[PDB]
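Since the structure comes first, as structure tokens, the remarks are kept for the end.
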Amino acid sequence: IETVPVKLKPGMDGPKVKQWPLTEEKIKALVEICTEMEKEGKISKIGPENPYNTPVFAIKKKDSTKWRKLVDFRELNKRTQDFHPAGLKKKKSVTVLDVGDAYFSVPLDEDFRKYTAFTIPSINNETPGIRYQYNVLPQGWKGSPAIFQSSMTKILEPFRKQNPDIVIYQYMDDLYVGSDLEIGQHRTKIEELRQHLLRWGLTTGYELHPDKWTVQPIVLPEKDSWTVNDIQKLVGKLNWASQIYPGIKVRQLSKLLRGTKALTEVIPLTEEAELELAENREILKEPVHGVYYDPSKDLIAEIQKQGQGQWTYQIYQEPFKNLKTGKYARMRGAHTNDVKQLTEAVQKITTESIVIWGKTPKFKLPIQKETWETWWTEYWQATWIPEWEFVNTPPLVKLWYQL
Amino acid sequence: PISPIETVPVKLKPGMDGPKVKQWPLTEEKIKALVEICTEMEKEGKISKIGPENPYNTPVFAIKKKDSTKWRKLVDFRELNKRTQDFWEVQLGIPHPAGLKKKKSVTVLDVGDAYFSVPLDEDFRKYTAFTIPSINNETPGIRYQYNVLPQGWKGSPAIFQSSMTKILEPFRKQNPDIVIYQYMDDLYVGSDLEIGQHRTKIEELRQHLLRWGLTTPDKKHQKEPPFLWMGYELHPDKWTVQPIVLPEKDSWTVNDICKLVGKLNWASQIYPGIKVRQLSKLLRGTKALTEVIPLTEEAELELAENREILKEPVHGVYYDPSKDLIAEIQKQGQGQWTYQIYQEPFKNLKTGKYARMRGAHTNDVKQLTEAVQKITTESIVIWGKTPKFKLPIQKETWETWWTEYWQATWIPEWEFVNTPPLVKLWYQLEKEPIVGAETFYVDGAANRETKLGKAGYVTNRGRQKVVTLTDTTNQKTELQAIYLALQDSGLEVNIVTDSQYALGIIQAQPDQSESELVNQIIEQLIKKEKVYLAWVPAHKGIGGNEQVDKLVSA
DNA sequence: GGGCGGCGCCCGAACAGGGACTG
DNA sequence: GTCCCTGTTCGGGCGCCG
Ligand SMILES: Nc1nc(=O)n([C@H]2CS[C@@H](COP(=O)(O)OP(=O)(O)OP(=O)(O)O)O2)cc1F
Ligand SMILES: [Mg+2]
Ligand SMILES: [Mg+2]
């Protein structure tokens with residue numbers, strides 16, 4: 001077959017990103033995979049005259065003996081020239097299949113191959129890096145699903161004809177399948193789609209349930225007697241929350257604080273202050289007004305560590321106009337791994353964001369850069385990688401979304 | 001010889017042309033060396049006489065080789081390097097002896113005329129033109145161009161390393177069990193074969209290299225230990241560094257201090273307890289590399305310590321893959337940490353130091369976590385394996401820290417080591433306001449134009465106090481007010497501030513700061529029994545905060 | 001005595017980003 | 001927006017190797 005000419009975004013040069021250290025198992029898996037890939041013509045060895053590079057590592061499913069090679073194409077995807085089933089979020093169950101192998105059936109535009117260069121390292125730098133470049137559609141490149149969309153539609157036409165109640169959507173390397181069937185009837189239908197895929201040369205996250213994803217609302221404390229400190233914390237929380245919920249009033253509660261009082265003094269709520277607290281509790285139940293998804297803007301996802309394996313997150317596009325607010329929990333306090341929990345959180349949030357809007361968010365991570373970059377790859381299980389940045393969050397925003 | 005390997009295509013940067021730079025005068029000694037080198041290179045096809053119609057030239061020179069009576073011919077290709085395309089370096093790091101495993105038989109090989117044995121792109125050879133001046137009246141001086149890799153070109157290292165990898169690929173595929181550490185042209189070859197079958201394999205490797213145009217002269221064929229490799233001495237069961245010679249200079253410049261710190265940092269890989277904190281602090285403001293700097297008495301003491309350390313003899317051992325990696329970390333003051341990586345109790349694989357000052361305010365738990373991360377990445381580089389840790393911090397301290405901290409933080413499998421100075425949190429802020437303690441509403445304000453300010457407090461027991469400051473800022477006034485409240489309170493105190501800045505600083509439980517004011521606040525907090533720090537929105541009429549806001553904003 | 005590439009440490013200079021402020 | 005404060009990156013020295 002002939003290729004599709006792909007160009008970069010005008011005014012942009014290819015990626016030049018240093019490879020990072022890998023473990024022994026990852027390097028050996030990468031050497032095996034790349035050897036068997038160059039024997040099949042999917043990649044070719046290159047030298048130093050190619051000035052581009054993107055990092056490479058490998059993941060391994062739990063209770064599995066097969067490794068999956070993962071190229072961090074975030075920069076190249078960010079520089080590639082540009083080219084959603086709203087029902088999928090409303091389905092009973094959704095299963096995610098990995099169809100990236102199919103992309104290896106299509107050749108890549110020869111003038112573009114230099115941009116997919118990557119370098120395998122060695123333990124203790126026994127040798128220089130071994131450099132490769134792709135000859136076919138690489139997994140994890142944003143152009144791979146676009147160039148392949150025609151073949152995918154041709155493959156999936158008869159299955160969709162025989163199953164018009166099933167919603168199947170394609171993200172970068174992932175195929176999401178949604179149905180309202182029983183948990184066993186659903187599992188048998190995907191096995192039909194796997195076998196259907198295998199019959200054409202395209203070889204095929206366990207099971208999603210989008211109707212059970214929940215919104216975490218902002219909540220106020222209920223008490224039988226309030227201290228000065230209690231009222232001060234409540235007033236701070238309501239003052240911040242008025243930026244999201246404009247109806248929140250604080251004047252009456254604040255009047256209880258007039259004077260220079262001790263923190264542990266008991267303050268009886270007046271009927272006006274009780275009325276204000278009641279109406280504020282009510283206002284915190286209405287959803288946010290005027291929040292519309294802009295496809296041309298980037299999704300921002302903020303995460304806050306609440307303690308004891310509890311995490312809060314907000315998906316928005318402009319500050320205080322939240323598209324979604326939720327929480328993620330886990331077993332608490334025995335041998336918890338904060339970094340492992342954070343990566344599981346970012347993967348689940350990215351999954352929700354792809355299912356709802358078909359776009360990954362940019363994560364503001366409440367972690368030091370070095371800790372995250374030291375350990376996050378040991379817990380990654382996805383074939384995409386979201387863009388992220390690291391932020392030293394204030395404890396006040398932790399207190400605001402706390403439960 | 002010249003390798004029959006195919007060349008690496010190289011182009012100039014778009015719109016650029018080859019260099020045209022006049023040759024500068026050179027010593028007659030260096031000119032004789034250059035002619036002796038160049039007539040030999042020209043007899044062997046490595047350089048070719050060009051005549052007219054070659055408009056390019058770059059200056060050349062020569063320096064004595066490392067530890068030989070031989071000369072090295074360098075070219076100052078800085079203009080051509082400016083005008084040459086970009087390369088991706090394939091040398092990702094430096095091999096370390098601690099990453100070597102025990103081998104039955106070991107050899108070290110140096111390749112002869114490494115660069116000059118690898119061909120250069122035929123289309124690119126024009127821009128490598130140079131001239132020899134031949135100072136005599138009777139000799140005119142000859143113009144040459146390079147047919148092989150020059151020394152001084154930006155692209156020569158990467159091209160040579162990639163080409164050597166290409167050349168070694170077949171031998172490696174046929175001999176997977178033979179290990180070849182390949183630094184630029186140094187080859188360390190280890191095998192589980194007996195001496196005698198190892199030597200025949202080494203001869204096969206030398207024949208392989210010779211077929212690809214690379215000679216391995218006997219003068220650099222190391223056959224028996226100790227092997228001199230990468231600046232180290234490799235004995236059968238221990239390794240060491242070739243001797244460090246610290247400069248014994250009397251007066252010290254910036255360049256002298258940089259050389260001292262570099263030698264100490266290189267020595268710290270196997271010498272425990274090396275510290276360079278005060279020596280490095282000596283370098284803060286100096287606006288030139290030639291300035292003389294009087295040594296601090298702290299710096300002199302640290303330097304004498306490092307000297308006495310270096311006087312002792314020390315070795316390292318080799319890696320045993322069937323055992324665990326163990327890193328053990330010890331603390332010195334001033335944000336300095338030393339570590340030892342080993343597998344058997346008193347047999348170090350290597351050692352190291354971590355001293356980076358990250359953040360204006362921090363504590364020792366943060367620094368220990370940073371050291372753990374650094375050691376993890378280093379041991380992944382050298383062994384591809386994460387080590388097991390032995391830290392001078394108690395499980396209770398760590399669980400308290402990562403309970404109270406709002407950021408995600410974590411440390412791998414570790415074990416408490418009872419060797420002081422232990423790492424501890426020096427105070428813990430209360431989670432609920434304390435009954436019976438006085439309540440201090442604090443605030444500060446600063447005139448942005450005139451830089452004058454006020455910082456003060458109002459207490460619930462009636463006490464009010466305002467202090468006027470000069471050359472201050474808003475954040476400084478808030479911190480000064482918190483300091484004032486700490487100074488005038490009992491062993492237990494509630495403090496209410498309106499400042500996210502100061503609250504975020506103090507909440508993180510710092511024990512060291514580059515700000516003297518924060519250091520004073522830290523001392524106060526350590527002297528207190530119970531402290532509770534509450535926050536309120538500013539300029540909202542919240543009682544207490546309103547009174548101090550009205551007092552401090554006169 | 002100077003030219004090249006790699007890694008390391010350590011410092012400062014630019015640059016980015018969030019909070020608090022003036023009238 | 002400006003001022004302040006803080007974190008990150010990138011370049012320049014030195015060390016070491018070739
Ligand atoms: N200062 C140096 N600059 C370099 O570019 N190199 C490069 C070019 S030569 C190569 C290996 O160096 P080496 O010391 O073995 O010199 P060669 O001429 O290759 O070899 P021999 O002297 O024959 O052993 O490294 C080495 C240096 F010491
Ligand atoms: Mg040599
Ligand atoms: Mg204030």
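Here, A, B, ... name the chains of the structure tokens in the order displayed, residue numbers run from 1 inside each chain, and ligands are numbered from 1 in the same displayed order.
Selecting chain D residues within 7 Å of chain B and counting only C-alpha atoms (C1' of nucleotides) yields residues 14, 15, 16, 17 and 18 of chain D.
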Selection file, C-alpha atoms (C1' of nucleotides), as a PDB file, in the first residue's frame:
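result20.pdb, written as the output of this step:
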```
ATOM      1  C1'  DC D  14      35.524  22.441  37.359  1.00  0.00           C
ATOM      2  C1'  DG D  15      36.216  16.917  37.880  1.00  0.00           C
ATOM      3  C1'  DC D  16      36.615  12.130  35.321  1.00  0.00           C
ATOM      4  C1'  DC D  17      36.976   9.140  30.782  1.00  0.00           C
ATOM      5  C1'  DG D  18      38.078   8.466  25.895  1.00  0.00           C
TER       6       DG D  18
END
```
Original post:
Could you write out as a PyMOL selection string the residues of chain B within 8 Å of chain A, counting only C-alpha atoms?
Top reply: chain B and resi 8-10+86-96+99+158-159+161-162+165+180-183+370+373+376-377+380-385+403+406-410+433-435+438-439+458-460+494+500+504+534-537+541-544+547
**OP:** Taking only C-alpha atoms (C1' of nucleotides) and all ligand atoms into account, report as a list in words which residues have an atom no farther than 10 Å from an atom of ligand 2.
**Re:** residues 109, 110, 111, 112, 113, 114, 115, 116, 184, 185, 186, 214, 215, 216, 217 and 220 of chain B; 18 of chain D
Keeping N, CA and C atoms (P, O5', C5', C4', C3', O3' and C1' of nucleotides), export the residues of the selection given above as an mmCIF file, in the first residue's frame.
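Written file, part-v3.cif:
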```cif
data_model
loop_
_atom_site.group_PDB
_atom_site.id
_atom_site.type_symbol
_atom_site.label_atom_id
_atom_site.label_comp_id
_atom_site.auth_asym_id
_atom_site.auth_seq_id
_atom_site.Cartn_x
_atom_site.Cartn_y
_atom_site.Cartn_z
ATOM 1 N N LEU B 109 41.683 -3.840 26.102
ATOM 2 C CA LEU B 109 42.225 -3.553 24.779
ATOM 3 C C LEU B 109 42.003 -2.085 24.459
ATOM 4 N N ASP B 110 43.040 -1.426 23.956
ATOM 5 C CA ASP B 110 42.904 -0.106 23.360
ATOM 6 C C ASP B 110 43.099 -0.232 21.857
ATOM 7 N N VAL B 111 42.274 0.473 21.098
ATOM 8 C CA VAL B 111 42.380 0.486 19.644
ATOM 9 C C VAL B 111 43.369 1.568 19.236
ATOM 10 N N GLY B 112 44.195 1.269 18.235
ATOM 11 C CA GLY B 112 45.195 2.212 17.769
ATOM 12 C C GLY B 112 44.635 3.128 16.698
ATOM 13 N N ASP B 113 44.920 4.425 16.838
ATOM 14 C CA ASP B 113 44.448 5.462 15.921
ATOM 15 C C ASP B 113 42.955 5.315 15.652
ATOM 16 N N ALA B 114 42.181 5.295 16.740
ATOM 17 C CA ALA B 114 40.755 4.986 16.675
ATOM 18 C C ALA B 114 40.018 5.876 15.675
ATOM 19 N N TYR B 115 40.033 7.193 15.901
ATOM 20 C CA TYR B 115 39.348 8.100 14.985
ATOM 21 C C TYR B 115 39.910 7.982 13.578
ATOM 22 N N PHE B 116 41.231 7.918 13.459
ATOM 23 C CA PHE B 116 41.865 7.949 12.151
ATOM 24 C C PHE B 116 41.700 6.646 11.381
ATOM 25 N N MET B 184 34.968 4.597 24.685
ATOM 26 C CA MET B 184 35.115 5.121 23.329
ATOM 27 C C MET B 184 35.843 4.162 22.395
ATOM 28 N N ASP B 185 37.110 3.848 22.682
ATOM 29 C CA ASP B 185 37.787 2.730 22.036
ATOM 30 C C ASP B 185 38.411 1.772 23.042
ATOM 31 N N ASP B 186 38.236 2.017 24.341
ATOM 32 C CA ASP B 186 38.584 1.028 25.351
ATOM 33 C C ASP B 186 37.592 -0.124 25.318
ATOM 34 N N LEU B 214 40.423 -2.040 12.492
ATOM 35 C CA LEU B 214 40.808 -1.537 13.803
ATOM 36 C C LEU B 214 41.917 -2.413 14.372
ATOM 37 N N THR B 215 43.066 -1.803 14.651
ATOM 38 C CA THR B 215 44.191 -2.511 15.240
ATOM 39 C C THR B 215 44.142 -2.409 16.758
ATOM 40 N N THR B 216 44.673 -3.437 17.419
ATOM 41 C CA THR B 216 44.790 -3.474 18.876
ATOM 42 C C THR B 216 46.260 -3.684 19.209
ATOM 43 N N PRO B 217 47.050 -2.610 19.274
ATOM 44 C CA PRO B 217 48.491 -2.762 19.511
ATOM 45 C C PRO B 217 48.774 -3.444 20.839
ATOM 46 N N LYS B 220 49.146 -1.714 24.483
ATOM 47 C CA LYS B 220 47.984 -1.400 25.307
ATOM 48 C C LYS B 220 47.061 -2.607 25.471
ATOM 49 P P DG D 18 40.942 6.754 30.015
ATOM 50 O "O5'" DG D 18 40.230 6.965 28.578
ATOM 51 C "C5'" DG D 18 39.616 5.870 27.898
ATOM 52 C "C4'" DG D 18 38.822 6.384 26.703
ATOM 53 C "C3'" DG D 18 39.753 6.745 25.557
ATOM 54 C "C1'" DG D 18 38.078 8.466 25.895
#
```
Please list as a PDB file with N, CA, C and O atoms (P, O5', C5', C4', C3', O3' and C1' of nucleotides), in the first residue's frame every residue within 12 Å of residue C:16, counting only C-alpha atoms (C1' of nucleotides) and excluding residues in the same chain fewer than 6 positions away.
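Ended up saving to around33.pdb:
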```pdb
ATOM      1  P    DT D   6      10.169  32.531  49.708  1.00  0.00           P
ATOM      2  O5'  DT D   6      10.095  31.299  48.693  1.00  0.00           O
ATOM      3  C5'  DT D   6       8.830  30.722  48.378  1.00  0.00           C
ATOM      4  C4'  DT D   6       8.855  30.078  47.005  1.00  0.00           C
ATOM      5  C3'  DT D   6      10.069  29.193  46.732  1.00  0.00           C
ATOM      6  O3'  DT D   6       9.742  27.834  46.952  1.00  0.00           O
ATOM      7  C1'  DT D   6       9.365  30.480  44.814  1.00  0.00           C
ATOM      8  P    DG D   7      10.846  26.694  46.701  1.00  0.00           P
ATOM      9  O5'  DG D   7      10.613  26.254  45.179  1.00  0.00           O
ATOM     10  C5'  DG D   7       9.341  25.782  44.758  1.00  0.00           C
ATOM     11  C4'  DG D   7       9.352  25.464  43.274  1.00  0.00           C
ATOM     12  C3'  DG D   7      10.480  24.534  42.830  1.00  0.00           C
ATOM     13  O3'  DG D   7       9.983  23.529  41.962  1.00  0.00           O
ATOM     14  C1'  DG D   7      10.554  26.562  41.586  1.00  0.00           C
ATOM     15  P    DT D   8      10.966  22.376  41.423  1.00  0.00           P
ATOM     16  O5'  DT D   8      11.321  22.852  39.940  1.00  0.00           O
ATOM     17  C5'  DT D   8      10.275  23.086  39.008  1.00  0.00           C
ATOM     18  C4'  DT D   8      10.839  23.433  37.644  1.00  0.00           C
ATOM     19  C3'  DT D   8      12.014  22.563  37.200  1.00  0.00           C
ATOM     20  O3'  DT D   8      11.809  22.110  35.874  1.00  0.00           O
ATOM     21  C1'  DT D   8      12.601  24.864  37.081  1.00  0.00           C
ATOM     22  P    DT D   9      12.928  21.227  35.135  1.00  0.00           P
ATOM     23  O5'  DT D   9      13.696  22.285  34.224  1.00  0.00           O
ATOM     24  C5'  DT D   9      12.956  23.131  33.365  1.00  0.00           C
ATOM     25  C4'  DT D   9      13.879  23.965  32.500  1.00  0.00           C
ATOM     26  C3'  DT D   9      15.057  23.210  31.890  1.00  0.00           C
ATOM     27  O3'  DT D   9      15.322  23.735  30.600  1.00  0.00           O
ATOM     28  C1'  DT D   9      15.868  24.962  33.232  1.00  0.00           C
TER      29       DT D   9
END
```
**OP:** Name the residues in contact with residue A:148 at a cut-off of 9 Å, using only C-alpha atoms (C1' of nucleotides), excluding same-chain residues fewer than 3 positions from it; report them as a ChimeraX atom specification.
**Re:** /A:102-103,106,137,143-145,151-153
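Interface residues on chain C toward chain B (cut-off 6 Å, only C-alpha atoms (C1' of nucleotides)): residues 3, 4, 5, 6 and 7 of chain C.
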**OP:** Give me the residues within 8 Å of stretch 203-211 of chain A as a PyMOL selection string, counting only C-alpha atoms (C1' of nucleotides) and dropping any in the same chain fewer than 3 places off.
**Re:** chain A and resi 89-99+101-102+194+197-198+352+382
**OP:** Extract the full set of strand (DSSP E or B) residues from stretch 15-174 of chain B according to DSSP on the backbone, and format it as an NGL selection string.
**Re:** :B and (20 or 47-49 or 51 or 53 or 57 or 60-64 or 71-75 or 84 or 101 or 105-110 or 112 or 119 or 130-131 or 143-146 or 148 or 151 or 153)
**OP:** Give the residue list for ligand 3 at 6 Å, counting only C-alpha atoms (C1' of nucleotides) and all ligand atoms, as an NGL selection string, sorted by chain and then by residue number.
**Re:** :B and (443-444 or 498-499)
Original post:
Got a sec to tell me which of stretch 140-346 of chain A DSSP assigns to alpha helix (DSSP H), as number ranges by chain?
Top reply: A: 143-162, 183-198, 228-241, 251-255, 271-283, 338-346
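Closest approach to chain D among A:134, A:269, A:157, A:369: A:369, based on only C-alpha atoms (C1' of nucleotides).
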Subject >> atom CA of residue A:78 to atom CA of residue A:356, distance in Å rounded to a single decimal >> reply: 21.6 Å
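Going from atom CA of residue B:2 to atom CA of residue B:33 covers 21.8 Å.
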